[PDB]
């Protein structure tokens, strides 16, 4: 597309912001607020529509985990509710295959989900698929070659370095090589033939390290670390580069946006969000 959308997040409380960053000119635009504040959500795009999935409204007068799917049309600058998921999923991961949205893991109160469900926009309907082999919240999700990957997270007792892969035509999950780092609340995306995992929390510290999984060799390799340690970051890809947005560095809710160039193996600061926040949903689509 053309713009990087950041939706929701957390600073003091869950947020309703929708803001769009244009890498071509450095500008930010504030767009229509989410109908309900939410942090720990995920964003994705299907058919030029932006979707906000799951999360939690951490608010002065209560905390409510979200089963919501909400749809933002850039042409109209309007959010509309879509069909809700079977269960609330805070600290969710999502991935898109063949025009379908996969909602992965997340929490509902003390329940840590292994369940996974798939949304078909053409029918505005969710259906459960096979659950993961592991309960995962703060799970990173990516798609490569029409296979779905769930990476890291927290199973209710331990943060994880494990990862697994979903093969849709077999409706089956299989473990892949674990990462070399325990990561929960990392940013996970795909670039070229690799699954990247950036940042996260390992049980003791927020991380700046970044590693990538080559599906052909089944090995993880570290690349250059980010300039800022961060957990609960947003991540997306735009014209062959990775963008990481916000997060928590153990001291500050970051407004920093960093950009990774894989040809030079370097990170640089490219912009700042209008305010520091963590737990955003991020996706890329046309400008409004």
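Positions refer to the first chain, counted from 1.
K.L.:
Which of the two stretches, 96 to 104 or 69 to 77, shows the higher mean Cα temperature factor in the record?
P.N.:
Looking at the recorded C-alpha B-factors, 69 to 77 comes out higher on average.
K.L.:
Would you determine, from the values in the PDB entry, which of 183 to 191 and 198 to 206 has the greater average C-alpha temperature factor?
P.N.:
Going by the record's values, the stretch with the higher mean is 198 to 206.
K.L.:
Hey, out of 91, 113, 212, 127, whose CA B-factor is highest in the deposited coordinates?
P.N.:
Highest C-alpha B-factor among the listed residues goes to 127.
K.L.:
For residue 39, does the deposited CA B-factor place it in the lowest, middle or highest third of the chain?
P.N.:
Lowest third.
K.L.:
Within this chain's modelled residues, let me know which third the CA B factor of residue 282 belongs to: lowest, middle or highest.
P.N.:
Lowest third of the chain for residue 282's C-alpha B-factor.
K.L.:
Lowest, middle or highest third: where is residue 176 by C-alpha B factor in its chain?
P.N.:
Middle third - that is where residue 176 ends up once the chain's C-alpha B-factors are sorted.
K.L.:
Comparing against every modelled residue in the chain, figure out the third that the C-alpha B-factor of residue 239 lands in (lowest, middle or highest).
P.N.:
It falls in the top third of the chain.
K.L.:
Based on the deposited C-alpha B factors for this chain, I'd like to know if residue 52 is in the lowest, middle or highest third.
P.N.:
Tercile = lowest for this residue's CA B-factor.
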